[PDB]
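Below is one structure, written out as structure tokens; comments come after it.
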Amino acid sequence: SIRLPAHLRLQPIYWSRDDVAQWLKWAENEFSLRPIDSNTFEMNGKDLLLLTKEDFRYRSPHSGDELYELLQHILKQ
């Protein structure tokens with residue numbers, strides 16, 4: 001199981017900017033990713049859903065691919 005934080009179990013269209021910041025922290029800790037700069041994802045869930053894989057990589061060269069794949073996993077249900 002991915003041990004998603006309780007507040008992040010809402011559909012991501014409803015995530016706030018604070019939720020997205022918590023999502024980044026969860027991804028980094030749960031999957032032992034390299035450090036992600038929270039300041040490069042100052043957006044809400046609707047904003048996050050508009051990003052392409054490349055948008056993720058430009059904000060996080062080291063972990064952007066993983067973040068996009070984790071969001072895809074959540075979306076696939």
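Within each chain, counting starts at residue 1; across the structure tokens, chains are named A, B, ... in the order shown, with ligands numbered 1 upward in that order.
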key: 9 Å contact set for residue 69 of chain A, only C-alpha atoms, chain neighbours under 5 positions out, as a list in words   = residues 53, 64 and 74 of chain A
Would you save the residues from that selection as a PDB file, in the first residue's frame, using C-alpha atoms?
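Below is the file that was written, out.pdb:
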```pdb
ATOM      1  CA  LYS A  53       5.888  14.811 -17.302  1.00  0.00           C
ATOM      2  CA  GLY A  64      10.215  14.780 -11.463  1.00  0.00           C
ATOM      3  CA  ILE A  74      -3.137   7.704  -7.970  1.00  0.00           C
TER       4      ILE A  74
END
```
request  = Do a neighbour search on residue 61 of chain A at 12 Å with only C-alpha atoms, toss out local chain neighbours closer than 3 positions, and write the hits as a list in words.
outcome  =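 Non-adjacent residues within range: residues 33, 34, 35, 36, 37, 40, 53, 54, 55, 56, 57, 58, 64, 65, 66, 67 and 68 of chain A.
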ask   = With distances taken over only C-alpha atoms, which of A:31, A:41, A:23, A:15 is nearest to residue 1 of chain A?
value = A:31
Neighbours of residue 13 of chain A within 12 Å (only C-alpha atoms; same-chain residues fewer than 4 positions away dropped), as an mmCIF file with C-alpha atoms, in the first residue's frame?
```
data_model
loop_
_atom_site.group_PDB
_atom_site.id
_atom_site.type_symbol
_atom_site.label_atom_id
_atom_site.label_comp_id
_atom_site.auth_asym_id
_atom_site.auth_seq_id
_atom_site.Cartn_x
_atom_site.Cartn_y
_atom_site.Cartn_z
ATOM 1 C CA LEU A 8 -4.708 13.497 0.390
ATOM 2 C CA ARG A 9 -7.389 10.833 -0.089
ATOM 3 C CA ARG A 17 -1.756 24.370 -2.279
ATOM 4 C CA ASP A 19 -2.243 19.571 0.110
ATOM 5 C CA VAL A 20 0.146 19.608 -2.865
ATOM 6 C CA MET A 43 0.136 25.335 -6.848
ATOM 7 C CA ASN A 44 -3.126 23.551 -6.089
ATOM 8 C CA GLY A 45 -4.396 20.179 -7.297
ATOM 9 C CA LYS A 46 -6.089 21.530 -10.409
ATOM 10 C CA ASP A 47 -2.818 23.265 -11.314
ATOM 11 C CA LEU A 48 -0.866 20.053 -10.637
ATOM 12 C CA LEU A 49 -3.135 18.017 -12.932
ATOM 13 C CA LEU A 50 -2.242 20.309 -15.849
ATOM 14 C CA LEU A 71 0.384 10.986 -9.655
ATOM 15 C CA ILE A 74 -3.137 7.704 -7.970
ATOM 16 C CA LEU A 75 -5.206 8.734 -11.003
#
```
Backbone-only DSSP, alpha helix (DSSP H) members of chain A, as a ChimeraX atom specification = /A:17-30,45-50,53-59,64-76
Can I get the selected residues back with C-alpha atoms, as a tab-separated table (two decimals), in the first residue's frame?
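That gives us result.tsv:
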```tsv
chain	number	residue	atom	x	y	z
A	17	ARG	CA	-1.76	24.37	-2.28
A	18	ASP	CA	-1.07	23.03	1.23
A	19	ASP	CA	-2.24	19.57	0.11
A	20	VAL	CA	0.15	19.61	-2.86
A	21	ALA	CA	3.03	20.54	-0.55
A	22	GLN	CA	2.09	17.60	1.71
A	23	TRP	CA	1.87	15.32	-1.32
A	24	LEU	CA	5.46	16.22	-2.25
A	25	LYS	CA	6.64	15.46	1.29
A	26	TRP	CA	4.82	12.11	1.29
A	27	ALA	CA	6.27	11.11	-2.09
A	28	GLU	CA	9.81	11.98	-1.01
A	29	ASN	CA	9.60	10.10	2.27
A	30	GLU	CA	7.48	7.10	1.27
A	45	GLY	CA	-4.40	20.18	-7.30
A	46	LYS	CA	-6.09	21.53	-10.41
A	47	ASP	CA	-2.82	23.26	-11.31
A	48	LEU	CA	-0.87	20.05	-10.64
A	49	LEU	CA	-3.13	18.02	-12.93
A	50	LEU	CA	-2.24	20.31	-15.85
A	53	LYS	CA	5.89	14.81	-17.30
A	54	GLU	CA	8.32	17.39	-18.70
A	55	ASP	CA	6.93	20.12	-16.45
A	56	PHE	CA	7.66	17.84	-13.49
A	57	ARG	CA	11.22	17.17	-14.68
A	58	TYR	CA	12.02	20.88	-15.10
A	59	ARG	CA	10.84	21.58	-11.56
A	64	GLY	CA	10.21	14.78	-11.46
A	65	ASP	CA	9.73	11.53	-13.39
A	66	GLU	CA	8.89	9.64	-10.20
A	67	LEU	CA	6.43	12.32	-9.06
A	68	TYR	CA	4.58	12.21	-12.38
A	69	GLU	CA	4.42	8.41	-12.20
A	70	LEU	CA	3.11	8.56	-8.63
A	71	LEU	CA	0.38	10.99	-9.65
A	72	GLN	CA	-0.47	8.70	-12.57
A	73	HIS	CA	-0.71	5.76	-10.16
A	74	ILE	CA	-3.14	7.70	-7.97
A	75	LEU	CA	-5.21	8.73	-11.00
A	76	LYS	CA	-5.40	5.14	-12.28
```
task = Record the distance separating atom CA of residue 4 of chain A and atom CA of residue 32 of chain A, expressed in Å with one decimal.
result = 14.4 Å
